[PDB]
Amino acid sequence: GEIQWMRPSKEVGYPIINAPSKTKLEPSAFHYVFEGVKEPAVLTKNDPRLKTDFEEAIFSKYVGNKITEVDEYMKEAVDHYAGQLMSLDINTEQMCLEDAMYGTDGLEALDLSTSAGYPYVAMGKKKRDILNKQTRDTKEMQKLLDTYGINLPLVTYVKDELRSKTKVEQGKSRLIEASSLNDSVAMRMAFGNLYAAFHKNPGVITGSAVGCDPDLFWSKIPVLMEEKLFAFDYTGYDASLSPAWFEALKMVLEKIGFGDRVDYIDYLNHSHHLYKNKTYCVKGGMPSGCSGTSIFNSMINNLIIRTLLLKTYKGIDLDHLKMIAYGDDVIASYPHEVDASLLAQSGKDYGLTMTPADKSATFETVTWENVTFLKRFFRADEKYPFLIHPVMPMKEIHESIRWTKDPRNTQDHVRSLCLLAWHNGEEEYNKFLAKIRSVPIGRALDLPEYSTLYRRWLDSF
């Protein structure tokens, strides 16, 4: 992606939208019980912690575009992935306005608790004003579509979230692009049946994990994988996606029968944004805050990996690639070992910056022991070897527990961390509780015991 121009939106007709400047994150009752290095991200330029210019930092992600042409390997990747999706029999029809707004089998309603975006946000208009889940009233929405159309500008906000130390000093705050309610609805009418088919079929056919529940899905994954794992990280995945990758995406869409809506992807490519007193325009790339980005990113990952294997290994048989992506995250396999250092090499030629998995300094063999997906490791149950624990390391959980956005949520927050934590084993878990229970508020909390959780997990199969 690349910025094409900035300029006081006042000089191009667009309103000024100002985001809050204060973090909602505050130290927990557990802030000193557990160790941690993360702190709330920089939300403004006038932030003390900064050791470099903010706006330079937060926009520096738009690294340019290597390719624009879909070459022979990408094309073969497209044909192969599309053929896979074809086996699912994806309903290619538009989704009616009512289901695109209110949800259907495999697709959740629009989120009524979030912003309606432009221009409703300058009009003080809210999703709740327009939508009614009880009546599923489409009349008002239809009128707003008629009135304001689609392809509206996105509103840029900095994400209020925890960030490591260097990322706070370095101003590496992440940006949110608030999609318009009109565009979310139009995207869902166009692609809802695609979204639903993905959500209903996490696994190696979709090559997507959207819709999976790790506690159960972790047991299916090793069985789905071929003998030899491989994996790697991308640096700035979304930003490094060149136009060629979207064309390839539109090609997959045409092939599976959505050919008549591929213009939507184009719109996703040339986007206008409002940040405070300014307005910019980006050509290339796909705003994280648009409908479907999670699916599209995962689909592109599938293309990317097929492409690199074709380029790197002559005569590789894609039918024996088994991979599952969640956006840019991925666990992949092949009956014979594939070298991620060699894949990362070929990736350069497509504008992809690939590095060893899990921030390793070097590319090393990926094994069931070091492999991670969705931040969780894979560990067979001691008692029942076929049942696999998604193991999230405690470090992450300790970071989370040290902060709250509203202490009235402490119980739910800590309970939820517990459901993540216990997979580390009874000993690590019981220590977690002891530490929680080492302060009075922790002793007022109702927390599940290991054996209750373990039994619940066994029973869930």
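C-alpha atoms forming the largest set that superposes within 1.5 Å between two forms make up the rigid core. So that there is no doubt, residue numbering starts at 1 and follows the sequence shown.
Between 231-239 and 174-182, greater CA displacement relative to the shown form is found for 231-239 when the structures in 5 other deposited structures of this protein are fitted on the core. When the other structures are laid on the shown form by the rigid core, the stretch among 190-198 and 352-360 with the greater C-alpha deviation in 5 other deposited structures of this protein turns out to be 352-360. Between 193-201 and 67-75, it is 67-75 that carries the larger average Cα temperature factor according to the deposited entry. The stretch 54-62 shows the higher mean C-alpha B-factor when 394-402 is compared against 54-62 in the entry.
The PDB entry assigns the greatest CA B-factor among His423, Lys45, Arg415, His31 to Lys45. Per the deposited coordinates, the residue with the largest Cα temperature factor out of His272, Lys220, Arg376, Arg188 is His272. Per-chain ranking of the deposited C-alpha B factor places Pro119 in the middle third. Residue-level temperature factors show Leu419 in the lowest third of its chain, judged at the C-alpha atom. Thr135: CA B factor lies in the middle third for its chain, per the PDB record. Sort the modelled residues of the chain by CA B factor and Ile436 lands in the lowest third. Looking at the C-alpha B-factors along this chain, the one for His389 belongs to the lowest third.
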